[PDB]
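Structure first, commentary second.
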Amino acid sequence: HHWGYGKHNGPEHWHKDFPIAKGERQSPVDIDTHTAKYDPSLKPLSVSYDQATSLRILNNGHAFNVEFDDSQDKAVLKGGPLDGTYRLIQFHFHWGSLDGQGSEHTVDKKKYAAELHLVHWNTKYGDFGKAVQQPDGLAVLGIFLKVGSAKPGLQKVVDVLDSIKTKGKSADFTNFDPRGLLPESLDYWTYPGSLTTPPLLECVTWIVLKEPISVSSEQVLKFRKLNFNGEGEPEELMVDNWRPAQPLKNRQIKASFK
Ligand SMILES: O=C(O)c1ccccc1S
Ligand SMILES: [Zn+2]
């Protein structure tokens, strides 16, 4: 009776094993666009993915992670609200059973079909396991997905999902360029928060891009064919792997843009 996204083990249950679920800086949150303040002092955001080295794709039983070589400064996030250098370790998505839900963050209560999380760790802490124990350990770039035109740069991801249908399956996934998942504009909102999955650690500087990317209905349908279960277990479609918005408490959301 491990955590998940079902009636008996979903987000409303997580606080029993993970009391930080009711903490002071939980994610996601609703972004109230009229309350977010422009912060002219945010430095420009720097997303440097030219030398990124993807390795593998893994179905971990709650999402799929595209993993990178993070043993050198190859793919880094800098600038914006951040002090120092954050290294890309993985990306994953959260998505819905239907196009009208799936994102974790909301914008004026609007839900997107899905949300991409590009996860980076602060190099001053040496490794990801140490970084998640620090209040400035991670920087996550959050990107909304809406259903419309296909995203060409997503198709290589979509096409390998049949090979990692069930929990614990992985596949080689080299030479994937995450620049093909970014929208035109880097305008963003930022606030201090948490992992959206257990263990819900309060270690994340969230950087949520305002401009969504468009994916096709056929692309997100292939996400929804994944399974939460292992091979030879009863089939449970991997859908609605999102946590709903949490109380903002004593936080301010800052905007990079007027
Ligand atoms: O899903 C996770 O475990 C996660 C991990 C790192 C950063 C963000 C998230 S939401
Ligand atoms: Zn996530």
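By convention here, the first residue in the shown sequence is residue 1. First listed ligand is number 1; within each ligand, the first listed atom is number 1.
Ion pairing between a basic and an acidic side chain is recognised when a charged N comes within 4.0 Å of a carboxylate O; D99 and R224 show such pairing.
Distances below 4.0 Å separate heavy atoms of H117 from the following atoms of ligand 1: 10 (S). Residue-ligand proximity, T196 to ligand 1, at heavy-atom distances under 4.0 Å covers atoms 10 (S).
Contacts with ligand 1 closer than 4.0 Å are made by side-chain heavy atoms of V140 only, the backbone lying farther away. Only the side chain of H92 comes within 4.0 Å of ligand 1, counting heavy atoms alone; its backbone N, CA, C and O stay farther away.
Within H92, the N, O or S atom lying nearest to the Zn ion (ligand 2) carries the name NE2.
In terms of protein heavy-atom proximity, atom 5 (C) of ligand 1 is nearest to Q90 NE2, 3.9 Å. Ranking protein heavy atoms by distance to atom 1 (O) of ligand 1, first place goes to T197 OG1, 2.8 Å. Summary of contacts: the protein heavy atom closest to atom 7 (C) of ligand 1 is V119 CG2, 3.4 Å.
Geometrically, ligand 1 and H94 share no nitrogen or oxygen pair separated by less than 3.5 Å.
Relative to the six-membered ring of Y112, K110 meets both conditions, a distance below 6.0 Å and an angle of at most 45° to the axis.
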**OP:** Please test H13 against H15 for side-chain contact (heavy atoms from CB on, under 4.5 Å), starting from the C-alpha separation and ending with a verdict.
**Re:** CA-CA 6 Å; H13 291 270; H15 70 100; 5.8 Å; no
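When all heavy atoms of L200 and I20 are compared, the closest pair comes out as O-CG2, 3.5 Å.
Between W242 and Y5, the distance separating the two ring centers is not shorter than 6.0 angstrom.
Under the 30°/60° scheme for interplanar angles, the aromatic rings of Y191 and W206 are found to lie parallel. Using bins of under 30°, 30° to 60° and over 60° for the plane-to-plane angle, the ring pair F91/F68 lands in the tilted bin.
The angle that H117 ND1 and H94 NE2 make at the Zn ion (ligand 2), rounded to 10°, works out to 100°.
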